[PDB]
Amino acid sequence: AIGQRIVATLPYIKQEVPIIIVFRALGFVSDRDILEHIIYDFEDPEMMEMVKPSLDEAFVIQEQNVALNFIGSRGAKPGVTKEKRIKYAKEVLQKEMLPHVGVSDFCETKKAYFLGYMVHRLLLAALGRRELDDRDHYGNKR
Amino acid sequence: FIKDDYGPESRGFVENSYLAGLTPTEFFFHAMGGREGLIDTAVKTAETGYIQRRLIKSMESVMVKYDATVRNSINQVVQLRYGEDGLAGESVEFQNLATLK
Amino acid sequence: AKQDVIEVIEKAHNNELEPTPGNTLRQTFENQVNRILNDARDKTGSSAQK
Amino acid sequence: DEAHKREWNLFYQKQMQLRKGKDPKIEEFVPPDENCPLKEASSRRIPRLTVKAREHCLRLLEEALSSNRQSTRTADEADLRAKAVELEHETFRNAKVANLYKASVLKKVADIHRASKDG
Amino acid sequence: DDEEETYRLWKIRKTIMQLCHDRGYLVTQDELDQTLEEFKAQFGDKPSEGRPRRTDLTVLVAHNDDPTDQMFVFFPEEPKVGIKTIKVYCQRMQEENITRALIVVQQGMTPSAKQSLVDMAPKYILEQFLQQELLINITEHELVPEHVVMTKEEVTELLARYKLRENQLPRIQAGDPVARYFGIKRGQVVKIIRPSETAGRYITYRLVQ
Amino acid sequence: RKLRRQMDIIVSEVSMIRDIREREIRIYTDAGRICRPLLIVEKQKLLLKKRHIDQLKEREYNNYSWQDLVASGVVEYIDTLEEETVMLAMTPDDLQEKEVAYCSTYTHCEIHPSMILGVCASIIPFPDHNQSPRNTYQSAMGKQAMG
Amino acid sequence: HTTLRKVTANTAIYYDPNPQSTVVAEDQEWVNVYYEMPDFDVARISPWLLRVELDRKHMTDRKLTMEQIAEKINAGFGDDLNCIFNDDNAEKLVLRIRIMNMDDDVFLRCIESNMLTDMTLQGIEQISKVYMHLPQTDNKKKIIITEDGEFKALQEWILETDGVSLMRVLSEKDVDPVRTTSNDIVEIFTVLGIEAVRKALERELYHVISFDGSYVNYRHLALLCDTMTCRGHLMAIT
Amino acid sequence: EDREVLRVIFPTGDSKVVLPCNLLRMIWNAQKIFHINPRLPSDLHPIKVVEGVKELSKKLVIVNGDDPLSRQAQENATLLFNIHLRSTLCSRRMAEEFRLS
Amino acid sequence: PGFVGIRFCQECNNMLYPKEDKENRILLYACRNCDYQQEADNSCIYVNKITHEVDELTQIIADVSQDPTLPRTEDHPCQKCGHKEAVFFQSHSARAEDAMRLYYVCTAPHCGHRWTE
DNA sequence: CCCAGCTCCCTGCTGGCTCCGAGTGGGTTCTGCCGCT
RNA sequence: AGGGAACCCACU
DNA sequence: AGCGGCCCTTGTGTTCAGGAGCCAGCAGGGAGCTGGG
Ligand SMILES: [Zn+2]
Ligand SMILES: [Zn+2]
């Protein structure tokens, strides 16, 4: 439309999810908190301008359970019950998203920090402040 | 090398001859260069092979007829005389027109 | 030829290099460097052949 | 994409309509006074342009010409009015939109001011 | 927006005169070589002010073989041409007994207008042209060899000499730019003459299909 | 780096990369990282001294082995990511002072540049005097040779 | 092709409630000079300002003037907007845009986005870049026959583009409509027809083959081109 | 007239063409076979050159037949070669350059 | 003018959007989920720097003076402390076409002065 | 004697399908099995 | 009376 | 002793040649027409 929206494609979710919805499903509702996880220096207006389209794209969903239901509905086989949808979305976010960060409960802060770091890296690439990664660089291989 | 070195040595100018021998960095850069050619061979082959097959299949039945027209298998006229001059390609030669210039 | 390339680099580092039409500055610098090195290669080749 | 441009045109027209009154309240063109020194003062070529605006612009042209004369000590006075009227008529003949007309007149004023400064 | 439009109209008129001459209609050497100044003289100079109006530019020419064969060239003022204006032109063609007409449109022609053009084909042959297509003469491009329309007798002689059926000749589409330029229809044969680097010259024939 | 060179808490295999322009330090203990040993340079001198060579010359008797070089913090394993941050001298001749120093801040030195070659290319004599595709061809043909 | 974005240094949306006094001192001075008499309806004026600053360098490079840009804005948006601009002699090139009475600020944002990319000031769409050079090889020089009867090669300027709009470029004034050509054969077929594309296909294939100095007898090329064009349309070898 | 036609066919000044019979080499062969002394006047009547070339041209047939279509197609098919033949076997060139008996 | 940041509601800490005082003709930043409101002071609700004249010196961080892979020079002493050694490098950032310009950083610890020439 | 459906035709987009050089020499493993009818 | 498929390496 | 049933591990689940170009079908829109007011 006007700007550039950031969308996360989760495992076991056949449609992309707006990133702020994922952050809220993790339990961060205030825009200030989400941006504190994504932007580490608020004196950087350019980065701030670059994230507003994502805030707008997900403006109606302002609660954790609403976002969880959103994700669960996006699931492969959504359950007609909303409770089971929320359960499935929570299971996905706790177990299938960023397992190396942690797969136990009470790991939403670590997951939020790593997801914010990913979004930050994407923003640095889009602002031309950091070079793109080379797939053939042998340091990126095992 | 140091960062942002655009000089000849850093960017792959080999200042030695094969008789003198390459330095280690020159040796590696020369290896990169040679790899490029090996790859070109190993990929161009299939691209060109497909092109050749399609050309043949598209023109395989076109031939000179006894009326000296060039026709396809459907008997459609492709050229009224082969090459527009009716000549075979093996006995022509380069010559100069003396009144043109 | 090496000293000439050094001079071109030092010129580009002081923003005294102006792009040629239809080329960004980096393309202009690469063009000049490649020209110097090609001329050197040709001159050395001619000397060897002589 | 050329169809996408058409979509934008439709949306922009819709928004204009939303911002446009149902009936165009056509403010009847003010007929110039018979004392108007403006050539073709009865013309309606340039839409949404008032004869009074032309009079004001001609007044500005008069001031510019007076400045040029006093700087260069021009002798004749009747030429001042005739020259101003001719400049205004030329500007009206050339331009086709109100804002462009005003900008052209102001540009002429700046040119005359610079010429007066030159002497 | 006025000098440019005048130049455009002059170019369209020149190309149309060349086209009419190439199709065999009678045109005087002064019309072909009419300068832009002469255009501004004969016609207006302020198309925005309605001088000239596109309705002022209509031309009517007669064939060299029979004066009864005549052709209109119309320049509709409306950028998009619909059925109504086509009916108007057909009406005046019927009134004056003119069977052929060229219509030069600005933006295009509605699909139904095209369907109408093709529907009344056998009675009235009227063809459509975008003015962008007429801003140059494509037959003067170096890539376009000389095209010549053959008469039925010539086609019969050709097929007899080479003992061919029509469907064995090479083809040209009726929608081809040069075919539209010459106004040739399905079943006609165009003779093409081009230089050759091997023979010097080479004549080929294309059947309109 | 001190701990890794002492082999106290960080095994030699561990990679530690500092991205200075960014503000990230990345430490990797994964399996599957390719690495190679390099001589450590401090100030502008090899930490490898004559005494290490003397002890290695007698490795048959005294049992002083390659592992003792690594334990004494004179050689290091560097993987590709860490190599991104290394300032590498090709030979100790690069550490010698020069009229216009090129670098003067070397952190490592190559043991010997011929170690860039694999097993088959290591039997080619004077490979630095051949066109490179020819070295590649020998690298295959040597695997086809009868012995 | 030139859009507005290629000649703008920056844009900004302010909130000017009363145009008489503006948030920018220079803007206020020049505007009030512009606001001498009621050339407008104050009621049908929005307080939202869209301020655009142009590059003197680019504007001159393309020989553009703010009058032309204002005319383009008028043509593309009409009187519903109100564009005004200062004099070119000024230190900076500026032009203010408002809307005559969705929110007006977001609407101005949408207009600015469209106006930067979709509004065309110069040139032809799809022609993204143009190069201009004097040929050194005779294959592009103009070859004439002098009155003494000799071939003579004249150096002249030719332009190479990055995209293709052959029909529009051919109709431009001062463009040679006899020699101007394209390397895109489907465009040639569309604009010039089947015999033209027959010739152009041969020339393109010859270029490819002979770029190395290699040579293939003409009858083979001619036979391929005839095979590809003999049925009245382009038959791909696929 | 041939020269004007050539100017149209090759609007660049490129005189190098591909044609069947290498006329210059044939003339050199004739000079050697018949021991032509270039430094003496020849017994070849210049009218014999004109008529000989006309007959030869009639003998070089690509499109046979006597109808007007066949005659024009034959004229076109051999046009370049006939221009070359007439400008090589000129009476003037035969008399003062090649000097054939 | 420069970029215009974003504001957060004092109550819900959500992003504040710009609204105007129709009756007063004043610019307000008003929350959209709660009902908080505020009075603006910039009056510039948007900026778009096409020319992208951004200062690379602001992005440089003084830590790069510890990078052993950067070249060092002794011919550009830093003004702030007169130390004689500096590292230099190029921008290497997209949106830098004439990016062969050098940037300098003083290598004296606790100075970290960046400059250009 | 205008208007709102209604129909018919043309565009533009997206999804789906076929194709991907010529020969030649060696090697190895795998071509089913188990519950209870 | 004599199989086949799959995969791997290699040669020009 | 031999038919059933497939084991795809997430019944829900990673890339079965990936990418490069044409054909078919659908949505969307607009021209033109016509039975009510
Ligand atoms: Zn709030
Ligand atoms: Zn300092």
# chains A, B, ... in the order shown; residues from 1 in each chain; ligands from 1
$ residues_around --residues "residue J:8" --least-positions-apart "5" --cutoff "10 Å" --atoms "only C-alpha atoms (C1' of nucleotides)" --output "list in words"
residues 112 of chain E; 31 and 32 of chain L
$ residues_near_ligand --ligand "ligand 1" --cutoff "7 Å" --atoms "only C-alpha atoms (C1' of nucleotides) and all ligand atoms" --output "mmCIF file with N, CA, C and O atoms, in the first residue's frame"
data_model
loop_
_atom_site.group_PDB
_atom_site.id
_atom_site.type_symbol
_atom_site.label_atom_id
_atom_site.label_comp_id
_atom_site.auth_asym_id
_atom_site.auth_seq_id
_atom_site.Cartn_x
_atom_site.Cartn_y
_atom_site.Cartn_z
ATOM 1 N N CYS I 9 1.664 7.201 23.981
ATOM 2 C CA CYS I 9 0.678 7.657 24.950
ATOM 3 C C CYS I 9 1.213 7.500 26.364
ATOM 4 O O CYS I 9 1.828 6.487 26.704
ATOM 5 N N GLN I 10 0.973 8.513 27.195
ATOM 6 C CA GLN I 10 1.448 8.456 28.571
ATOM 7 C C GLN I 10 0.727 7.387 29.375
ATOM 8 O O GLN I 10 1.246 6.929 30.398
ATOM 9 N N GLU I 11 -0.462 6.975 28.937
ATOM 10 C CA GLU I 11 -1.242 6.018 29.714
ATOM 11 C C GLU I 11 -0.998 4.587 29.248
ATOM 12 O O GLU I 11 -0.536 3.743 30.019
ATOM 13 N N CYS I 12 -1.303 4.299 27.984
ATOM 14 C CA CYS I 12 -1.201 2.948 27.445
ATOM 15 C C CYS I 12 0.118 2.696 26.725
ATOM 16 O O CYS I 12 0.365 1.569 26.288
ATOM 17 N N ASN I 13 0.968 3.711 26.595
ATOM 18 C CA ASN I 13 2.261 3.563 25.930
ATOM 19 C C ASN I 13 2.099 3.007 24.517
ATOM 20 O O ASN I 13 2.915 2.220 24.041
ATOM 21 N N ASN I 14 1.035 3.420 23.838
ATOM 22 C CA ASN I 14 0.839 3.115 22.433
ATOM 23 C C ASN I 14 1.204 4.333 21.601
ATOM 24 O O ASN I 14 1.352 5.440 22.123
ATOM 25 N N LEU I 16 1.194 7.518 19.412
ATOM 26 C CA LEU I 16 0.313 8.659 19.233
ATOM 27 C C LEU I 16 0.262 9.060 17.766
ATOM 28 O O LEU I 16 1.285 9.112 17.081
ATOM 29 N N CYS I 31 -3.845 9.586 21.121
ATOM 30 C CA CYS I 31 -3.905 8.135 21.134
ATOM 31 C C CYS I 31 -5.143 7.659 20.392
ATOM 32 O O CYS I 31 -6.092 8.413 20.172
ATOM 33 N N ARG I 32 -5.127 6.388 20.003
ATOM 34 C CA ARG I 32 -6.187 5.817 19.188
ATOM 35 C C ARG I 32 -6.835 4.593 19.814
ATOM 36 O O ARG I 32 -7.886 4.160 19.340
ATOM 37 N N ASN I 33 -6.249 4.033 20.873
ATOM 38 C CA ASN I 33 -6.920 3.001 21.652
ATOM 39 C C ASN I 33 -7.459 3.530 22.974
ATOM 40 O O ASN I 33 -8.577 3.173 23.359
ATOM 41 N N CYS I 34 -6.696 4.362 23.673
ATOM 42 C CA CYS I 34 -7.182 5.115 24.819
ATOM 43 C C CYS I 34 -7.668 6.472 24.315
ATOM 44 O O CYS I 34 -7.893 6.664 23.118
ATOM 45 N N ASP I 35 -7.850 7.415 25.238
ATOM 46 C CA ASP I 35 -8.342 8.744 24.888
ATOM 47 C C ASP I 35 -7.362 9.841 25.282
ATOM 48 O O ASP I 35 -7.756 11.004 25.402
ATOM 49 N N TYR I 36 -6.096 9.500 25.476
ATOM 50 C CA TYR I 36 -5.098 10.507 25.787
ATOM 51 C C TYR I 36 -4.931 11.456 24.607
ATOM 52 O O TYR I 36 -5.266 11.129 23.467
#
$ residues_near_ligand --ligand "ligand 2" --cutoff "9 Å" --atoms "only C-alpha atoms (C1' of nucleotides) and all ligand atoms" --output "list in words"
residues 77, 78, 79, 80, 81, 82, 83, 84, 85, 86, 105, 106, 107, 108, 109, 110, 111, 112, 113 and 114 of chain I
$ write_last_selection --atoms "N, CA and C atoms" --output "mmCIF file, in the first residue's frame"
data_model
loop_
_atom_site.group_PDB
_atom_site.id
_atom_site.type_symbol
_atom_site.label_atom_id
_atom_site.label_comp_id
_atom_site.auth_asym_id
_atom_site.auth_seq_id
_atom_site.Cartn_x
_atom_site.Cartn_y
_atom_site.Cartn_z
ATOM 1 N N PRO I 77 46.673 13.869 11.978
ATOM 2 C CA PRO I 77 46.426 13.958 13.418
ATOM 3 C C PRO I 77 45.043 14.517 13.699
ATOM 4 N N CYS I 78 44.439 14.047 14.785
ATOM 5 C CA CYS I 78 43.093 14.474 15.131
ATOM 6 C C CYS I 78 43.131 15.809 15.855
ATOM 7 N N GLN I 79 42.187 16.681 15.507
ATOM 8 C CA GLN I 79 42.136 17.997 16.130
ATOM 9 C C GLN I 79 41.818 17.905 17.614
ATOM 10 N N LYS I 80 40.889 17.031 17.993
ATOM 11 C CA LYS I 80 40.372 17.056 19.353
ATOM 12 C C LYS I 80 41.473 16.819 20.378
ATOM 13 N N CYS I 81 42.454 15.978 20.056
ATOM 14 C CA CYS I 81 43.529 15.684 20.994
ATOM 15 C C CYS I 81 44.915 15.676 20.372
ATOM 16 N N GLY I 82 45.048 15.942 19.078
ATOM 17 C CA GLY I 82 46.350 16.019 18.457
ATOM 18 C C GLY I 82 47.120 14.721 18.410
ATOM 19 N N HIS I 83 46.482 13.589 18.687
ATOM 20 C CA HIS I 83 47.156 12.309 18.535
ATOM 21 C C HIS I 83 47.478 12.079 17.068
ATOM 22 N N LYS I 84 48.603 11.426 16.813
ATOM 23 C CA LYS I 84 49.150 11.396 15.468
ATOM 24 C C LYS I 84 48.692 10.204 14.642
ATOM 25 N N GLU I 85 48.086 9.195 15.255
ATOM 26 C CA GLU I 85 47.703 7.980 14.554
ATOM 27 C C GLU I 85 46.189 7.869 14.451
ATOM 28 N N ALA I 86 45.719 7.442 13.284
ATOM 29 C CA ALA I 86 44.304 7.220 13.055
ATOM 30 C C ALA I 86 44.134 6.023 12.134
ATOM 31 N N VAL I 105 39.371 7.924 12.262
ATOM 32 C CA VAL I 105 39.064 7.770 13.677
ATOM 33 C C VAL I 105 40.376 7.791 14.438
ATOM 34 N N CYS I 106 40.439 8.592 15.494
ATOM 35 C CA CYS I 106 41.651 8.676 16.293
ATOM 36 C C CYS I 106 41.843 7.400 17.098
ATOM 37 N N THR I 107 43.071 6.895 17.113
ATOM 38 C CA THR I 107 43.364 5.643 17.793
ATOM 39 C C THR I 107 43.744 5.825 19.252
ATOM 40 N N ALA I 108 43.821 7.049 19.742
ATOM 41 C CA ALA I 108 44.111 7.253 21.153
ATOM 42 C C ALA I 108 42.923 6.786 21.981
ATOM 43 N N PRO I 109 43.129 5.946 22.990
ATOM 44 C CA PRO I 109 41.993 5.495 23.795
ATOM 45 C C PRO I 109 41.333 6.665 24.504
ATOM 46 N N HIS I 110 40.012 6.596 24.618
ATOM 47 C CA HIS I 110 39.217 7.600 25.308
ATOM 48 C C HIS I 110 39.176 8.932 24.570
ATOM 49 N N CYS I 111 39.500 8.947 23.278
ATOM 50 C CA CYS I 111 39.259 10.109 22.435
ATOM 51 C C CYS I 111 38.193 9.815 21.388
ATOM 52 N N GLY I 112 38.430 8.835 20.525
ATOM 53 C CA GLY I 112 37.383 8.389 19.614
ATOM 54 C C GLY I 112 36.792 9.494 18.774
ATOM 55 N N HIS I 113 37.632 10.361 18.225
ATOM 56 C CA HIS I 113 37.166 11.460 17.396
ATOM 57 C C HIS I 113 37.094 11.012 15.943
ATOM 58 N N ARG I 114 35.925 11.179 15.337
ATOM 59 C CA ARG I 114 35.694 10.843 13.943
ATOM 60 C C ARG I 114 35.686 12.118 13.117
#
$ interface_residues --of "chain F" --to "chain K" --cutoff "12 Å" --atoms "only C-alpha atoms (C1' of nucleotides)" --output "JSON, numbers by chain"
{"F": [140, 141, 143, 144]}
$ write_last_selection --atoms "N, CA and C atoms" --output "CSV table (one decimal), in the first residue's frame"
chain,number,residue,atom,x,y,z
F,140,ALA,N,43.1,-34.8,-10.8
F,140,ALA,CA,42.3,-36.0,-11.1
F,140,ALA,C,43.2,-37.2,-11.6
F,141,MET,N,44.1,-36.8,-12.5
F,141,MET,CA,44.9,-37.9,-13.1
F,141,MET,C,45.7,-38.6,-12.1
F,143,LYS,N,44.9,-39.5,-9.3
F,143,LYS,CA,44.1,-40.5,-8.7
F,143,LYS,C,43.9,-41.7,-9.7
F,144,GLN,N,44.2,-41.4,-11.0
F,144,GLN,CA,44.2,-42.5,-11.9
F,144,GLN,C,45.5,-43.2,-12.2
$ atom_distance --atom1 "atom CA of residue D:64" --atom2 "atom CA of residue G:51"
29.2 Å
$ interface_residues --of "chain G" --to "chain A" --cutoff "12 Å" --atoms "only C-alpha atoms" --output "PyMOL selection string"
chain G and resi 106-114
$ residues_around --residues "stretch 130-132 of chain E" --least-positions-apart "4" --cutoff "7 Å" --atoms "only C-alpha atoms (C1' of nucleotides)" --output "ChimeraX atom specification"
/E:12,104-106,108
$ select_by_dssp --residues "stretch 46-83 of chain I" --states "strand (DSSP E)" --output "list in words"
residues 46, 47, 48, 72 and 73 of chain I
$ write_last_selection --atoms "N, CA and C atoms" --output "mmCIF file, in the first residue's frame"
data_model
loop_
_atom_site.group_PDB
_atom_site.id
_atom_site.type_symbol
_atom_site.label_atom_id
_atom_site.label_comp_id
_atom_site.auth_asym_id
_atom_site.auth_seq_id
_atom_site.Cartn_x
_atom_site.Cartn_y
_atom_site.Cartn_z
ATOM 1 N N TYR I 46 5.631 14.737 8.945
ATOM 2 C CA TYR I 46 6.169 13.778 7.995
ATOM 3 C C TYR I 46 7.354 14.397 7.278
ATOM 4 N N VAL I 47 8.323 13.563 6.924
ATOM 5 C CA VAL I 47 9.495 14.005 6.180
ATOM 6 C C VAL I 47 9.960 12.854 5.304
ATOM 7 N N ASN I 48 10.477 13.188 4.127
ATOM 8 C CA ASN I 48 10.956 12.191 3.172
ATOM 9 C C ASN I 48 12.175 12.790 2.482
ATOM 10 N N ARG I 72 46.286 2.079 9.130
ATOM 11 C CA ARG I 72 46.589 3.157 10.056
ATOM 12 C C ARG I 72 47.499 4.164 9.378
ATOM 13 N N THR I 73 47.291 5.435 9.687
ATOM 14 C CA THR I 73 48.043 6.520 9.083
ATOM 15 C C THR I 73 48.590 7.423 10.173
#
$ interface_residues --of "chain G" --to "chain C" --cutoff "9 Å" --atoms "only C-alpha atoms" --output "compact mmCIF listing (two decimals) with N, CA and C atoms, in the first residue's frame"
# COMPACT_ATOMS: atom_id res chain seq x y z
N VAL G 130 19.25 6.52 -21.18
CA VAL G 130 19.67 6.81 -22.55
C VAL G 130 21.15 7.17 -22.53
N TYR G 131 21.92 6.55 -23.42
CA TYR G 131 23.32 6.85 -23.59
C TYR G 131 23.51 7.58 -24.91
N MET G 132 24.49 8.46 -24.95
CA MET G 132 24.74 9.31 -26.10
C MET G 132 26.23 9.26 -26.40
$ residues_around --residues "residue G:196" --least-positions-apart "4" --cutoff "7 Å" --atoms "only C-alpha atoms (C1' of nucleotides)" --output "PyMOL selection string"
(chain E and resi 143-144) or (chain G and resi 188-189+192+200)
$ write_last_selection --atoms "C-alpha atoms" --output "mmCIF file, in the first residue's frame"
data_model
loop_
_atom_site.group_PDB
_atom_site.id
_atom_site.type_symbol
_atom_site.label_atom_id
_atom_site.label_comp_id
_atom_site.auth_asym_id
_atom_site.auth_seq_id
_atom_site.Cartn_x
_atom_site.Cartn_y
_atom_site.Cartn_z
ATOM 1 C CA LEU E 143 13.736 -2.547 -42.612
ATOM 2 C CA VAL E 144 10.515 -2.526 -44.683
ATOM 3 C CA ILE G 188 9.765 -4.853 -34.676
ATOM 4 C CA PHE G 189 7.102 -7.337 -35.744
ATOM 5 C CA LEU G 192 6.908 -2.739 -38.735
ATOM 6 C CA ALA G 200 15.856 -7.665 -38.274
#
$ interface_residues --of "chain E" --to "chain H" --cutoff "10 Å" --atoms "only C-alpha atoms" --output "PyMOL selection string"
chain E and resi 154+157-158+161-162+194-203
$ atom_distance --atom1 "atom CA of residue E:74" --atom2 "atom CA of residue E:109"
13.4 Å
$ residues_around --residues "residue G:47" --least-positions-apart "2" --cutoff "7 Å" --atoms "only C-alpha atoms (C1' of nucleotides)" --output "PyMOL selection string"
chain G and resi 15-18+45+49
$ write_last_selection --atoms "N, CA, C and O atoms" --output "PDB file, in the first residue's frame"
ATOM      1  N   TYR G  15       1.696  21.356   9.191  1.00  0.00           N
ATOM      2  CA  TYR G  15       0.335  21.737   9.554  1.00  0.00           C
ATOM      3  C   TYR G  15       0.315  23.258   9.605  1.00  0.00           C
ATOM      4  O   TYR G  15       0.616  23.852  10.643  1.00  0.00           O
ATOM      5  N   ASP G  16      -0.021  23.883   8.483  1.00  0.00           N
ATOM      6  CA  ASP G  16      -0.161  25.329   8.439  1.00  0.00           C
ATOM      7  C   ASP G  16      -1.638  25.678   8.553  1.00  0.00           C
ATOM      8  O   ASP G  16      -2.378  25.556   7.570  1.00  0.00           O
ATOM      9  N   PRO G  17      -2.110  26.098   9.724  1.00  0.00           N
ATOM     10  CA  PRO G  17      -3.539  26.396   9.866  1.00  0.00           C
ATOM     11  C   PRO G  17      -3.948  27.615   9.059  1.00  0.00           C
ATOM     12  O   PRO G  17      -4.910  27.565   8.287  1.00  0.00           O
ATOM     13  N   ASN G  18      -3.219  28.716   9.232  1.00  0.00           N
ATOM     14  CA  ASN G  18      -3.450  29.924   8.458  1.00  0.00           C
ATOM     15  C   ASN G  18      -2.280  30.139   7.511  1.00  0.00           C
ATOM     16  O   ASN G  18      -1.148  30.342   7.973  1.00  0.00           O
ATOM     17  N   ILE G  45      -9.848  25.808   1.600  1.00  0.00           N
ATOM     18  CA  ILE G  45      -8.409  25.631   1.758  1.00  0.00           C
ATOM     19  C   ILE G  45      -8.168  24.768   2.984  1.00  0.00           C
ATOM     20  O   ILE G  45      -8.765  24.993   4.042  1.00  0.00           O
ATOM     21  N   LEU G  49      -0.149  21.298   4.728  1.00  0.00           N
ATOM     22  CA  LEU G  49       0.801  21.737   3.721  1.00  0.00           C
ATOM     23  C   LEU G  49       1.654  20.567   3.261  1.00  0.00           C
ATOM     24  O   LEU G  49       2.097  19.754   4.074  1.00  0.00           O
TER      25      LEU G  49
END
$ residues_around --residues "stretch 5-13 of chain A" --least-positions-apart "3" --cutoff "7 Å" --atoms "only C-alpha atoms (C1' of nucleotides)" --output "PyMOL selection string"
chain A and resi 16-19+53-54+74-76+96-97
$ write_last_selection --atoms "C-alpha atoms" --output "mmCIF file, in the first residue's frame"
data_model
loop_
_atom_site.group_PDB
_atom_site.id
_atom_site.type_symbol
_atom_site.label_atom_id
_atom_site.label_comp_id
_atom_site.auth_asym_id
_atom_site.auth_seq_id
_atom_site.Cartn_x
_atom_site.Cartn_y
_atom_site.Cartn_z
ATOM 1 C CA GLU A 16 2.470 -15.021 6.883
ATOM 2 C CA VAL A 17 1.717 -13.294 10.181
ATOM 3 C CA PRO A 18 2.324 -9.571 10.743
ATOM 4 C CA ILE A 19 5.311 -9.338 13.047
ATOM 5 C CA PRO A 53 3.652 0.263 8.653
ATOM 6 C CA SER A 54 3.977 -2.919 10.703
ATOM 7 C CA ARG A 74 -4.007 -19.214 10.328
ATOM 8 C CA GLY A 75 -2.864 -22.725 11.276
ATOM 9 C CA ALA A 76 -2.995 -25.598 8.826
ATOM 10 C CA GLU A 96 8.180 -24.725 16.929
ATOM 11 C CA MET A 97 9.392 -21.111 16.822
#
$ interface_residues --of "chain B" --to "chain I" --cutoff "12 Å" --atoms "only C-alpha atoms" --output "ChimeraX atom specification"
/B:1-6
$ write_last_selection --atoms "N, CA and C atoms" --output "PDB file, in the first residue's frame"
ATOM      1  N   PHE B   1      45.445  -9.109   3.516  1.00  0.00           N
ATOM      2  CA  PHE B   1      45.404  -7.701   3.173  1.00  0.00           C
ATOM      3  C   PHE B   1      44.664  -6.912   4.250  1.00  0.00           C
ATOM      4  N   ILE B   2      44.843  -5.603   4.226  1.00  0.00           N
ATOM      5  CA  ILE B   2      44.073  -4.700   5.064  1.00  0.00           C
ATOM      6  C   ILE B   2      42.743  -4.430   4.378  1.00  0.00           C
ATOM      7  N   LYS B   3      41.820  -3.830   5.118  1.00  0.00           N
ATOM      8  CA  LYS B   3      40.501  -3.556   4.571  1.00  0.00           C
ATOM      9  C   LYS B   3      40.550  -2.413   3.564  1.00  0.00           C
ATOM     10  N   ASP B   4      39.679  -2.499   2.560  1.00  0.00           N
ATOM     11  CA  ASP B   4      39.535  -1.467   1.533  1.00  0.00           C
ATOM     12  C   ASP B   4      40.845  -1.228   0.788  1.00  0.00           C
ATOM     13  N   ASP B   5      41.457  -2.309   0.332  1.00  0.00           N
ATOM     14  CA  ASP B   5      42.677  -2.259  -0.461  1.00  0.00           C
ATOM     15  C   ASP B   5      42.284  -2.513  -1.905  1.00  0.00           C
ATOM     16  N   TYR B   6      42.319  -1.463  -2.715  1.00  0.00           N
ATOM     17  CA  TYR B   6      41.948  -1.541  -4.116  1.00  0.00           C
ATOM     18  C   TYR B   6      43.156  -1.628  -5.034  1.00  0.00           C
TER      19      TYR B   6
END
$ residues_around --residues "residue C:3" --least-positions-apart "2" --cutoff "12 Å" --atoms "only C-alpha atoms (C1' of nucleotides)" --output "ChimeraX atom specification"
/B:7-8 /C:1,5-10,33,36-37,40
$ interface_residues --of "chain E" --to "chain D" --cutoff "12 Å" --atoms "only C-alpha atoms" --output "NGL selection string"
:E and (1-2 or 48-49)
$ atom_distance --atom1 "atom CA of residue G:227" --atom2 "atom CA of residue G:210"
21.0 Å
$ closest_residue --among "E:83, E:27, E:57, E:9" --to "chain L" --atoms "only C-alpha atoms (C1' of nucleotides)"
E:83
$ closest_atom_pairs --of "chain I" --to "chain A" --cutoff "8 Å" --atoms "only C-alpha atoms" --output "Markdown table"
| residue | atom | partner | partner_atom | distance |
| --- | --- | --- | --- | --- |
| I:3 | CA | A:45 | CA | 5.9 |
| I:4 | CA | A:45 | CA | 6.5 |
| I:5 | CA | A:45 | CA | 4.9 |
| I:6 | CA | A:48 | CA | 7.0 |
| I:8 | CA | A:32 | CA | 6.9 |
| I:12 | CA | A:30 | CA | 6.7 |
| I:13 | CA | A:32 | CA | 5.7 |
| I:14 | CA | A:31 | CA | 4.9 |
| I:15 | CA | A:31 | CA | 6.4 |
| I:93 | CA | A:129 | CA | 5.6 |
| I:94 | CA | A:128 | CA | 4.6 |
| I:95 | CA | A:128 | CA | 6.7 |
